[PDB]
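Visitor: Sharing a structure with you now.
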Amino acid sequence: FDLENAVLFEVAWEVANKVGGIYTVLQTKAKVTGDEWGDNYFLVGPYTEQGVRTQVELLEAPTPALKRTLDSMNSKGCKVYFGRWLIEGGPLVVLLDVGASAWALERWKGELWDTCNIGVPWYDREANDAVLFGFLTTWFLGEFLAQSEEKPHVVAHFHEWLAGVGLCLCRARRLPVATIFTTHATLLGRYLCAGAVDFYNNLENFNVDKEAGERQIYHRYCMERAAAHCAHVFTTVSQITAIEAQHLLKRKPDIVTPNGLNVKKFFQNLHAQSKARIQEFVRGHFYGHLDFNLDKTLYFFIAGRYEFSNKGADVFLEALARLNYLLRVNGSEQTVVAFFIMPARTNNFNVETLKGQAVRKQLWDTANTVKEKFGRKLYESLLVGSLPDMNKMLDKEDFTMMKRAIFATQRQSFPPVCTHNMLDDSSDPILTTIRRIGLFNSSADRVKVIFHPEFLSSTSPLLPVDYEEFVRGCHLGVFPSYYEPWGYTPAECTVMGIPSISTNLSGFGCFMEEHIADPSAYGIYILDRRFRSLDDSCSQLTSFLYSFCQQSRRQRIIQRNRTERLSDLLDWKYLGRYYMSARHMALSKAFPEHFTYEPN
Amino acid sequence: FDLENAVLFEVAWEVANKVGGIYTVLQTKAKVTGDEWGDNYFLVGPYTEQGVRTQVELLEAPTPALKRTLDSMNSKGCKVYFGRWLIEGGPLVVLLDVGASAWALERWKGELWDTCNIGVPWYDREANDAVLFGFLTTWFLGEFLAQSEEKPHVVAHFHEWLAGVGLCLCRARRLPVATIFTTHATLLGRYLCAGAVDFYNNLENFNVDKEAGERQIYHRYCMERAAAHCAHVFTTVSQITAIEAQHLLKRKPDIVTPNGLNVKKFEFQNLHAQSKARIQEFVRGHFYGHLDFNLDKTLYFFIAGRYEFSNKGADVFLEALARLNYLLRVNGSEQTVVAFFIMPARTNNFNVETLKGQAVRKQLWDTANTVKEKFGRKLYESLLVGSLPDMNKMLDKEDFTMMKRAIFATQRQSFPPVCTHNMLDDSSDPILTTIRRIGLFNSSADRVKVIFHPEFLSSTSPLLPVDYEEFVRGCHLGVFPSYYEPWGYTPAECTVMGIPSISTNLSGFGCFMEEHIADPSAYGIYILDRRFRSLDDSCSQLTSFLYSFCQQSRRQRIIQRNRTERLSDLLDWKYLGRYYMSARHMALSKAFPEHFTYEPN
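If you read the protein sequences in the order shown, they are chains C and A.
Per the entry's author numbering, the first sequence runs over residues 22 to 287, 293 to 626.
Per the entry's author numbering, the second sequence runs over residues 22 to 287, 292 to 626.
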């Protein structure tokens with residue numbers, strides 16, 4: 022438990038190069054781990070030109086023992102650059118370069134085969150990069166111990182299959198370092214889901230070796246599984262990921278370690299301002315098809331990468347069609363606008379969408395011109411001491427201005443379902459379903475779907491809000507997800523006031539079920555897809571969506587306020603306490619004599 | 022439960038004129054009663070020139086029968102007006118003038134003596150005005166019934182003592198209109214509380230006639246009691262008022278009809298924070314140089330309403346604050362309590378010290394912004410070149426001097442004043458005397474700081490230009506340890522806003538909450554049992570409540586606030602509309618039951 026001399030190396034591929042969500046995990050965790058482990062915190066990561074230029078300030082190797090190791094490695098010709106990552110908490114980052122390719126071509130790869138009976142194929146560059154990185158990381162910590170008299174036992178925390186090669190070698194060279202091995206995702210899991218018909222139910226009845234071999238990911242799988250077996254403490258991001266590991270990597274996670282977000286701030295009501303901005307987009311997009319009260323309108327959104335099956339857009343869409351039917355048959359004044367935002371390939375803003383925003387501008391401009399003129403005439407009339415003469419306030423010019431405006435706000439075509447024009451409209455799974463389900467945003471429809479393919483940005487003319495502000499504006503965030511190991515997008519939404527309908531297959535969903543008895547009051551509805559069929563799950567989502575819709579204004583307010591209590595559940599302080607347990611268990615397993623403080 | 026031909030006539034002195042809280046009730050009752058009685062909803066009230074122009078749009082009679090009535094009334098030397106009140110629900114209002122007192126002396130007054138054996142002194146304006154109003158209302162409704170086809174059901178709702186002369190006459194003239202009389206407060210009760218040592222416990226003991234006579238208020242009392250006896254159905258605002266009515270008027274209320282408010286007051294959690302910031306700015310200004318207190322940990326407690334030391338139990342609050350100060354001192358707390366007594370008094374303009382303190386806060390803020398802006402520009406320029414900010418040299422000599430003047434202006438000097446406005450009588454002010462005695466003098470050591478603002482907070486005022494509603498939203502807690510409050514308009518507003526509010530068994534709102542909520546504390550409305558406890562024990566009870574609130578966790582307090590926002594529905598007219606509808610139905614049943622009879626709810 023105590024770490025008198027222990028030094029933690031959070032070896033990771035995403036130390037100074039943003040490649041995936043793991044980078045956010047490391048960056049956010051850096052602050053809290055920083056406090057606990059002081060200057061013993063040393064993230065090891067691949068050196069990137071971009072990384073050093075914008076993220077890393079190079080530093081003069083302040084531990085003298087470390088300085089010697091850095092120099093020795095540089096003298097041997099391998100390139101290592103010590104520096105301070107400029108992210109919050111100022112973590113010391115030992116960025117080794119993956120440009121030491123000569124050794125890898127024979128020497129590094131050769132050692133691996135004799136040591137672990139494994140190999141990296143010639144074709145795969147990423148694995149080859151990882152073997153280089155792994156050998157260098159093992160060398161660094163081994164050299165660190167050797168060139169530091171009164172050797173401090175270290176706790177290496179390899180965070181992925183890419184860093185996994187190192188863990189195999191550390192144990193194999195029998196170096197006296199405690200080893201954790203978080204799997205932030207299951208390697209085989211991503212390929213098996215979608216690739217196979219029923220991944221999660223057949224999890225138990227999956228031959229890992231067979232699947233990996235078939236997909237030519239066998240080498241990668243072997244490396245990840247070998248790391249699993251090697252690690253003194255094996256941890257996973259979520260309970261769902263744990264189930265994947267148990268039936269694939271064949272090692273039960275010792276601790277269940279959830280990823281977190283630095284909650285921080287995330293005087294002004296973001297919800298109101300953001301809803302206004304969203305409302306203005308809606309007004310513009312509908313271009314005089316505004317037959318529906320926007321006071322009663324609800325906005326639902328699904329974000330994240332454009333994976334139709336994995337991020338479960340299908341469940342949201344099929345469910346929206348069913349919600350449309352329910353709202354129509356019951357004649358509900360409430361209208362749902364479902365703003366799928368999903369980074370996709372688009373040529374430009376669609377003609378209608380751009381024109382729609384322009385007409386909203388024209389109507390607003392006409393309003394301002396007439397309003398100012400009314401302002402002057404009213405002020406003049408009030409000064410005289412007479413109440414305004416209605417029907418005399420507006421001049422003939424003002425009628426021509428407004429008549430042009432009313433002429434502008436006329437359309438016969440139903441308002442567009444996709445704000446950016448698609449490179450391939452037929453191909454888009456979201457758009458194909460929007461057609462099939464029967465959502466063309468007709469006047470009659472109570473559910474209108476607005477698919478915004480571009481990642482939302484402040485610069486864009488339509489919906490000027492940044493992703494943060496758009497999330498804050500929306501009433502509900504529907505994120506049903508088949509494979510999500512940890513729901514980064516759902517987690518962000520929950521940390522923001524927004525109630526979010528996540529799933530039992532999502533890491534965030536599993537986390538919420540475990541930590542909240544009564545989810546629905548607290549906003550985090552958990553659609554179950556692990557014990558259900560696809561259609562029954564859709565019906566379950568429809569029920570959830572309908573329940574949210576059929577809520578009083580007051581009830582919704584309560585729900586949001588409840589969700590703001592659940593920020594603490596997903597704060598790094600508490601989730602780092604989960605990681606601290608992993609480290610303490612690792613320290614105890616590796617050196618029982620040195621440290622034996624592992625109660626529960 | 023169908024009123025086929027019934028016509029509702031809510032007669033009150035505050036129908037268009039804002040004399041008192043009754044006016045808010047009617048203005049707010051009008052919308053809901055509007056729906057139940059449709060266009061048969063008529064408000065009978067005094068004509069006020071200023072009132073009529075701002076609030077009322079003059080109209081023509083909807084009914085030919087009504088037109089006849091209006092014309093007849095206009096003919097015989099009376100200047101009745103008819104119009105649509107522009108308040109929610111757009112009710113038709115018959116605003117009769119009490120300036121048309123052509124024959125009131127020795128003819129109307131004369132008649133009243135023969136009918137009700139009651140007389141009104143020449144000196145009293147309010148009673149004299151009420152006889153004019155009462156006689157005119159009785160005439161109007163009697164004439165209406167006679168000139169129109171006879172409606173067996175017309176329901177006249179008298180909503181105060183001075184409208185009660187009409188009820189006395191109506192029943193006496195044997196007119197068939199059903200009469201409901203509602204006492205929003207007991208006249209004798211107000212005088213007896215404070216005026217007597219122990220009004221509440223000796224309720225039964227008091228010979229009402231003797232006490233009323235002694236206070237030269239006997240005529241007013243007789244009118245109130247007469248109206249109560251006269252009404253077929255008698256209503257009272259609260260259960261506590263009912264207990265008073267039972268002993269003082271010697272009549273049990275048939276039904277108890279609680280007053281209600283609108284739900285239109287309001292994530293929407295910005296307001297507690299925005300308002301707290303505005304409040305926090307004032308505190309910084311006022312306490313300049315003694316700002317060792319943590320200003321995030323500080324809690325603001327407030328007592329508002331009219332100025333009544335005994336009635337609003339400001340003494341209990343002050344004594345309890347002194348005990349809280351002792352508790353906070355003895356057990357070290359980062360939290361500091363700032364108590365705002367926003368009770369109106371006659372005072373001069375803002376005290377020199379208070380105004381100067383606010384000015385110094387303004388200067389410091391202005392200096393900070395200017396230096397901040399200059400840092401902003403120099404940092405932005407330095408970053409653009411591609412160089413480190415060089416913080417040491419970023420601030421110029423010119424700003425260093427401006428800041429030096431600023432730090433000099435914020436000199437600690439004397440302890441910050443207790444009262445924002447210098448009082449006309451500081452020496453004798455019931456609050457200030459107590460503050461001095463209790464020992465709260467805003468000393469550096471004290472954990473409890475009392476700021477008494479003797480003017481109703483308003484936008485126009487230079488210092489804290491915050492509207493009462495916004496100030497209320499900003500404060501953490503509202504303490505209203507009322508002794509006599511018949512209905513707590515002030516505590517009610519606070520709860521609808523979501524501010525947790527101390528109320529008492531003696532306050533009508535307090536009694537109402539106890540009856541309707543199984544645990545007061547859990548929902549954030551604390552009840553002090555002042556009826557069944559001694560004064561000192563009650564103070565100790567308040568100290569316990571205040572201390573508990575202080576020792577609440579930040580998260581716990583947030584929960585408490587959110588819980589209060591649920592209690593708004595208890596005070597909403599939607600729910601409270603039931604109670605009056607019951608009263609009206611009961612009126613129809615009590616007399617002439619044959620046409621309409623309804624069994625009790």
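Cβ atoms here follow ideal geometry from the backbone N, Cα and C, with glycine treated the same way.
Of all the options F326/C, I583/C, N228/C and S122/C, which has the alpha carbon lying nearest to the alpha carbon of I476/C?
Guide: The residue you call residue 476/C lines up with position 450 of the first sequence. Among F326/C, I583/C, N228/C and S122/C, the Cα nearest to that of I476/C is on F326/C.
Visitor: Where do the N-terminal and C-terminal ends of the alpha helix (DSSP H) with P85/A fall, by residue?
Guide: Looking up residue 85/A in the second sequence gives position 64. Note, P85/A: alpha helix (DSSP H), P85 to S96.
Visitor: Using three-state DSSP, classify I276/C as helix, strand or coil.
Guide: By 1-based counting over the first sequence, the position of residue 276/C is 255. DSSP places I276/C in strand when its eight states are reduced to three.
Visitor: Please specify which runs of the alpha helix (DSSP H), each continuous and at least 4 residues long, are wholly inside the region 424-496 of chain A, giving them in chain order.
Guide: As far as the region 424-496 of chain A is concerned, its whole alpha helix (DSSP H) runs of at least 4 residues are 455-463.
Visitor: Tell me the DSSP bridge mates of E306/C?
Guide: Locating residue 306/C in the first sequence gives position 280, counting from the first residue. Bridge partners of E306/C: none, in fact.
Visitor: Could you tell me which of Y623/C, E590/C and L613/C sits nearest to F293/A, measuring between CA atoms?
Guide: As a working note, residue 293/A is residue 268 in the second sequence. The candidate whose alpha carbon is nearest that of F293/A is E590/C.
Visitor: Starting from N587/A, find everything on chain D with Cβ-Cβ shorter than 8 angstroms and list it in chain order.
Guide: Absent here is chain D; the protein component of the structure consists of chains C and A.
Visitor: If you draw a straight line from the C-alpha of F22/A to the C-alpha of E306/C, how long is it?
Guide: Numbered from 1 along the second sequence, position 1 holds the residue referred to as residue 22/A. Numbered from 1 along the first sequence, position 280 holds the residue referred to as residue 306/C. Answer to the nearest angstrom: the Cα atoms are 47 angstroms apart.
Visitor: Could one say the Cβ of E292/A lies closer than 7 angstroms to chain C's Cβ atoms, at least one of them?
Guide: By 1-based counting over the second sequence, the position of residue 292/A is 267. It does; some Cβ of chain C falls within 7 angstroms.
Visitor: DSSP on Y325/C, reduced to helix/strand/coil?
Guide: On the first sequence, position 299 is the one that residue 325/C refers to. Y325/C: strand per DSSP, three-state reduction.
Visitor: Pop quiz: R461/A and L353/A are said to be a contact at Cβ under 8 angstroms. What is the actual Cβ separation, rounded to whole angstroms?
Guide: Indexing the second sequence from 1 puts residue 461/A at position 436. Indexing the second sequence from 1 puts residue 353/A at position 328. Going by Cβ atoms, the distance from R461/A to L353/A rounds to 20 angstroms, so no, they are not a contact pair.
Visitor: Which residues in chain A sit within 7 angstroms of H297/C, going by Cβ to Cβ distance?
Guide: Taking the first residue of the first sequence as 1, we reach residue 297/C at position 271. Under the 7 angstroms cutoff, chain A gives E292.
Visitor: Using a Cβ cut-off of 7 angstroms (strictly closer), state whether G549/C contacts chain A.
Guide: The sequence position of residue 549/C within the first sequence is 523, counting from 1. Answer no: the Cβ-Cβ gap between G549/C and chain A never drops below 7 angstroms.
Visitor: Report the residues of the region 501-529 of chain C with a CB closer than 7 angstroms to any CB of chain A, ordered along the chain.
Guide: Those would be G523, in chain order.
Visitor: Using a beta-carbon distance cut-off of less than 9 angstroms, what residues from the region 368-394 of chain A approach chain C?
Guide: Residues: none.
Visitor: Give me the chain C residues within the contact set of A302/A, using Cβ-Cβ distance strictly less than 9 angstroms, ordered along the chain.
Guide: If you number the second sequence from 1, residue 302/A lands on position 277. Residues of chain C passing the Cβ test: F293.
Visitor: Can you give me the C-alpha to C-alpha distance between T203/C and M522/A, rounded to a whole angstrom?
Guide: As a first step, residue 203/C must be located in the first sequence, where it is residue number 182. As a first step, residue 522/A must be located in the second sequence, where it is residue number 497. Roughly 49 angstroms separates the two Cα atoms.
Visitor: Just the Cα atoms here: how many angstroms apart are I367/A and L553/C?
Guide: Mapped onto the second sequence, residue 367/A falls at position 342. Mapped onto the first sequence, residue 553/C falls at position 527. Distance between the alpha carbons of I367/A and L553/C is about 52 angstroms.
Visitor: My assumption, with CB atoms under 8 angstroms, is that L324/C sits in contact with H501/C. Please give the rounded CB distance.
Guide: Here residue 324/C corresponds to residue number 298 of the first sequence, with the count starting at 1. Here residue 501/C corresponds to residue number 475 of the first sequence, with the count starting at 1. Yes, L324/C and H501/C are in contact; Cβ-Cβ is about 5 angstroms, under 8 angstroms.
Visitor: Applying the 10 Å Cβ sphere with the 16-neighbour rule, what's the burial state of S563/A?
Guide: One-based indexing of the second sequence puts residue 563/A at position 538. So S563/A ends up on the buried side.
Visitor: Would you call the region 85-100 of chain C in contact with the region 158-172 of chain C, where contact means no fewer than 3 C-beta pairs closer than 8 angstroms?
Guide: Cβ pair count under 8 angstroms is three or more, so yes.
Visitor: Does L183/A come out as helix, strand or coil in the three-state DSSP assignment?
Guide: On the second sequence, residue 183/A is found 162 positions in, with the first residue counted as 1. Coil at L183/A, not helix or strand.
Visitor: Anyone know if the C-beta pair for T69/C and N38/C falls short of 7 angstroms?
Guide: The residue labelled residue 69/C in the question sits at position 48 within the first sequence. The residue labelled residue 38/C in the question sits at position 17 within the first sequence. Yes. Within cutoff.
Visitor: Quick one, which of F255/C, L224/C, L208/C and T257/C has its alpha-carbon nearest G234/C's?
Guide: For the purposes of this step, residue 234/C is taken as the residue at position 213 of the first sequence. Nearest C-alpha to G234/C: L208/C.
Visitor: Rounded to a whole number of angstroms, what is the C-alpha to C-alpha distance between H253/A and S607/A?
Guide: Walking along the second sequence from the start, residue 253/A turns up at place 232. Walking along the second sequence from the start, residue 607/A turns up at place 582. About 13 angstroms.
Visitor: Of the choices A82/A, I108/A and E109/A, whose alpha-carbon is the least far from that of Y102/A?
Guide: Position 81 of the second sequence, counted from the start, is the residue given in the question as residue 102/A. Nearest option by C-alpha distance: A82/A.
Visitor: Considering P516/C, what are the terminal residues of the beta strand (DSSP E) in which it resides?
Guide: Taking the first sequence and counting its residues from 1, the one referred to as residue 516/C is at position 490. That residue, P516/C, is in no beta strand (DSSP E); its alpha helix (DSSP H) goes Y514 to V521.
Visitor: In three-state terms, what does DSSP make of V115/C?
Guide: Taking the first sequence and counting its residues from 1, the one referred to as residue 115/C is at position 94. The answer is strand: DSSP assigns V115/C an E or B state.
Visitor: Enumerated in chain order, which unbroken segments of the beta strand (DSSP E) with a length of 3 residues or greater are wholly contained in the region 105-182 of chain C?
Guide: DSSP runs (the beta strand (DSSP E)) wholly in the region 105-182 of chain C: 113-117 and 175-178.
Visitor: Just tell me which of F505/C, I276/C, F574/C and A177/C has its CA closest to the CA of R603/C.
Guide: As a working note, residue 603/C is residue 577 in the first sequence. If we check each option's Cα against that of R603/C, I276/C comes out closest.
Visitor: What residue does the beta strand (DSSP E) around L29/C start on, and which one ends it?
Guide: Taking the first sequence and counting its residues from 1, the one referred to as residue 29/C is at position 8. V28 to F30 is the span of the beta strand (DSSP E), which, as asked, contains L29/C.
Visitor: Per DSSP, what are the beta-bridge partners of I527/C in this structure?
Guide: Locating residue 527/C in the first sequence gives position 501, counting from the first residue. Answer by DSSP bridge pairing, in chain order: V504/C.
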